[PDB]
Amino acid sequence: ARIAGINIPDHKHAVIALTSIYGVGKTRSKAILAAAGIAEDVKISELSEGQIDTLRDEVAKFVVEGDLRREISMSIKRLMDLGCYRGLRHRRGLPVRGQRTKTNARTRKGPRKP
Amino acid sequence: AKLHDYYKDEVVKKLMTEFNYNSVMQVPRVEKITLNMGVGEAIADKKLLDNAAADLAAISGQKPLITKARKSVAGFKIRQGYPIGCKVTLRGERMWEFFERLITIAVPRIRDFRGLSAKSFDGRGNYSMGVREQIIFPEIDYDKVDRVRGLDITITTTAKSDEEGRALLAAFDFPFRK
Amino acid sequence: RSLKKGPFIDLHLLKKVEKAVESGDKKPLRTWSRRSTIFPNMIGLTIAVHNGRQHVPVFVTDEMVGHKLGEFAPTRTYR
RNA sequence: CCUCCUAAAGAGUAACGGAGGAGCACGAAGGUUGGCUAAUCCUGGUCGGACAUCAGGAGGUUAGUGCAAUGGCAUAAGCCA
RNA sequence: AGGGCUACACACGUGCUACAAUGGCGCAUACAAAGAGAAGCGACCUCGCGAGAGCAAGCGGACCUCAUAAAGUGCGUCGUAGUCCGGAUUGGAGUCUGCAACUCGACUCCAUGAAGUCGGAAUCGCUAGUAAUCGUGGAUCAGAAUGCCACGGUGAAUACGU
Ligand SMILES: [Mg+2]
Ligand SMILES: [Mg+2]
Ligand SMILES: [Mg+2]
Ligand SMILES: [Mg+2]
Ligand SMILES: [Mg+2]
Numbered sequence: 002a003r004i005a006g007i008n009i010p011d012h013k014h015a016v017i018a019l020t021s022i023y024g025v026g027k028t029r030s031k032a033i034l035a036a037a038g039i040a041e042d043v044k045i046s047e048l049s050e051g052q053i054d055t056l057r058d059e060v061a062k063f064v065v066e067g068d069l070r071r072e073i074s075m076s077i078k079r080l081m082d083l084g085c086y087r088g089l090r091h092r093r094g095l096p097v098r099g100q101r102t103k104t105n106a107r108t109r110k111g112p113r114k115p
Numbered sequence: 002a003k004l005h006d007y008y009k010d011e012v013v014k015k016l017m018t019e020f021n022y023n024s025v026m027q028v029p030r031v032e033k034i035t036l037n038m039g040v041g042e043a044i045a046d047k048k049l050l051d052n053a054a055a056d057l058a059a060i061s062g063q064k065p066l067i068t069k070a071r072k073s074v075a076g077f078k079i080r081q082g083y084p085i086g087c088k089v090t091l092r093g094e095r096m097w098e099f100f101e102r103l104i105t106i107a108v109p110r111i112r113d114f115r116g117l118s119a120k121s122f123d124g125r126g127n128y129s130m131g132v133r134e135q136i137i138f139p140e141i142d143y144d145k146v147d148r149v150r151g152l153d154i155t156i157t158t159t160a161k162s163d164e165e166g167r168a169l170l171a172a173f174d175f176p177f178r179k
Numbered sequence: 003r004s005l006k007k008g009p010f011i012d013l014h015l016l017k018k019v020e021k022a023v024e025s026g027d028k029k030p031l032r033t034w035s036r037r038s039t040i041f042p043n044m045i046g047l048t049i050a051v052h053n054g055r056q057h058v059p060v061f062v063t064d065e066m067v068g069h070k071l072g073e074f075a076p077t078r079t080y081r
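Residue numbers (the UniProt record's numbering), protein chains in the order written: chain A, 2 to 115; chain B, 2 to 179; chain C, 3 to 81.
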């Protein structure tokens, strides 16, 4: 089922399968099910339809994909269009957390440019 | 003609006094929705065209008009002919019924829609806003489609001014943004 | 970032900005306590945060408070 | 061999005069019947940006014409079936 | 005083962690050595999801504390998928240290979840409790170990020959 949106996590255990949501993680799923009166060893796929409509209802509390990434960027933008070291780092594509650029950064920055 | 009647009823008069019109045969009438969706691309796939068409063929109860090029002098490419779109205007009943289809279930079936443009109008008094992405609304299945969609929509009313264009739609259920 | 509970700043800026807040806006602020946090009273104030060579101009904005003056002054010159 | 100027408002006229083209192409790019009409700019529109498709407004043969140039073409010779 | 030594298109050395099913994860559970400690190690109890906080006993030590070994084993699950693999990255919010965490601290919660499917030419260590792998402690030090030094658990293969 689309559930939070599109995402059709099936043939898997309720927990993990539920984490498929672009906004929920292991912790959220392992707790959301119980709160929704749902087990974990249960395959959402073969899950009772009615029991699915419950997940959606409770998962709606947490922010996901849509409004998630939407705001997740807003924040960045803020400190970015502010002038703080954090922002500067973003526009420059360098590690904001404050790592070492002289070496190791293939993640934050592009690979090689010899 | 569900919303159509509403026009003659609630609307018309609302404007007849607000806009202080003299003849009922003046009130800015709704002159067919247009719909276009300039899919373009083609070349790469060419099949996505009929796809964007079949999609529109669903969004609308009529038959899509796969348009062609015209100038040919296109950097992208294009050579006089060559498929590139599918307008597909609206037909009276289907038109208003459509004006109903959306604004009541389409615009409602948002993505984050927190208000609608209040300037998507023109100089004459016609509005045209892009959905940005086909909300999958009552179309051939839902999770069964293809790489996004999106399209354009234009109202076009006998409004002698953009202002009068506001009255119309406003008398209806145009969500807008304010 | 984190510093438990209690926004901290150096007296210097406080005594100066506080007097400014009341005496209204005016010339910038010569301070090195970049490690100090930005408060709402400094909002719209003229501050000159030094980095290593000289001070730099700054305008305390809303979304610009829970931070430190220092992060608004690039220490190292690059390209 | 074709087109314009030279060529003195009929035809026609010379130069080792000034400028370009032809040696083909189409079973439709012929026939007829029926229908259509641009270029370009402005404005407003998902991805559409200088420049695609869409909506209006201005505009009016400045488009188009299988290929040069001249003349012609809306009753269109231009466009679709 | 503040900044710099933590700069960056880049290149090289030494390492840490992965690419998984000789495994991940859940639950239950068995065996160790060697050390450190009165501006110290800090229990029990209480609160907090957690880092940690409040109160506060004991030990200057075969008495007390750091301190709950990890592999392993039993059951269960996942069924080979870039995955319940792998965790960089970043975002939001916090804890503690210390005047002081912007540049530049360690850690926690939730979310995010990249590279990576065992690595070319070439090259390194190791002959036995060795290699491989698993955990544990200490010096430095307010607070920044995958480094260094040290400890024990499990525990191979191969050596014709020059
Ligand atoms: Mg003559
Ligand atoms: Mg436009
Ligand atoms: Mg150094
Ligand atoms: Mg110690
Ligand atoms: Mg220590």
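Built from N, CA and C at the ideal position, the CB exists for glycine as well.
Residues that DSSP places opposite residue i in a beta bridge
i	result
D153(B)	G131(B)
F61(C)	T48(C)
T33(C)	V51(C)
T39(C)	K70(C)
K72(B)	Its beta-bridge partners do not exist; DSSP assigns none.
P176(B)	For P176(B), which the question treats as bridged, DSSP gives no partner whatsoever.
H14(A)	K44(A)
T158(B)	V31(B)
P84(B)	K69(B)
Neighbouring residues, chain B, relative to residue i (Cβ below 8 Å)
i	result
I7(A)	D144
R57(A)	Per Cβ cutoff of 8 Å: no residues; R57(A) is ~15 Å from chain B at best.
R71(A)	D113
Where residue i meets chain A, residues with beta-carbon distance less than 8 Å
i	result
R112(B)	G67
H69(C)	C85
Separation of residue j from residue i, as counted between CA atoms
i	j	result
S4(C)	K27(A)	26 Å
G26(C)	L83(A)	24 Å
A45(B)	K69(B)	16 Å
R150(B)	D10(B)	36 Å
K161(B)	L36(B)	22 Å
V62(C)	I49(C)	8 Å
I77(A)	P30(C)	28 Å
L56(A)	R70(A)	21 Å
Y83(B)	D144(B)	30 Å
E94(B)	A2(B)	6 Å
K78(B)	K31(A)	53 Å
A172(B)	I106(B)	18 Å
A5(A)	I111(B)	14 Å
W97(B)	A61(A)	34 Å
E66(A)	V108(B)	20 Å
Anticipated Cβ contact below 8 Å, residue i with residue j, distance rounded
i	j	result
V146(B)	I156(B)	With a Cβ gap of about 26 Å, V146(B) and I156(B) do not count as contacting.
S118(B)	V89(B)	Between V89(B) and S118(B) the Cβ distance is about 22 Å, and since that is not below 8 Å, they are no contact.
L34(A)	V25(A)	Between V25(A) and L34(A) the Cβ distance is about 11 Å, and since that is not below 8 Å, they are no contact.
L91(B)	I141(B)	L91(B) to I141(B), Cβ: 19 Å. No contact.
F41(C)	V58(C)	Between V58(C) and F41(C) the Cβ distance is about 19 Å, and since that is not below 8 Å, they are no contact.
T33(C)	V51(C)	7 Å
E101(B)	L4(B)	5 Å
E59(A)	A37(A)	4 Å
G126(B)	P29(B)	7 Å
7 Å Cβ cut-off: residues of chain C touching residue i
i	result
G84(A)	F74
Contact set between residue i and chain C, taken where Cβ atoms lie within less than 8 Å
i	result
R79(A)	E65
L89(A)	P76
Within chain B, partners of residue i - CB distance below 7 Å
i	result
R98(A)	The contacting residues do not exist; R98(A) stays about 30 Å from chain B at best.
Closer than 9 Å at the beta carbon, the chain B residues around residue i
i	result
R3(A)	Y143 and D144
Exercise for the section: Just list the alpha helix (DSSP H) runs in the region 34 to 104 of chain A, keeping only unbroken ones of 4 residues or longer that don't cross its boundaries, in chain order. Expected result: 50 to 60, 66 to 81 and 86 to 93
Alpha helix (DSSP H) segments (min. 4 residues) lying fully within the region 31 to 61 of chain B | 48 to 60
- prompt: Hey, which unbroken runs of the beta strand (DSSP E) at 3 residues or more fall wholly within the region 90 to 126 of chain B?
  reply: As far as the region 90 to 126 of chain B is concerned, it has no whole beta strand (DSSP E) run of at least 3 residues.
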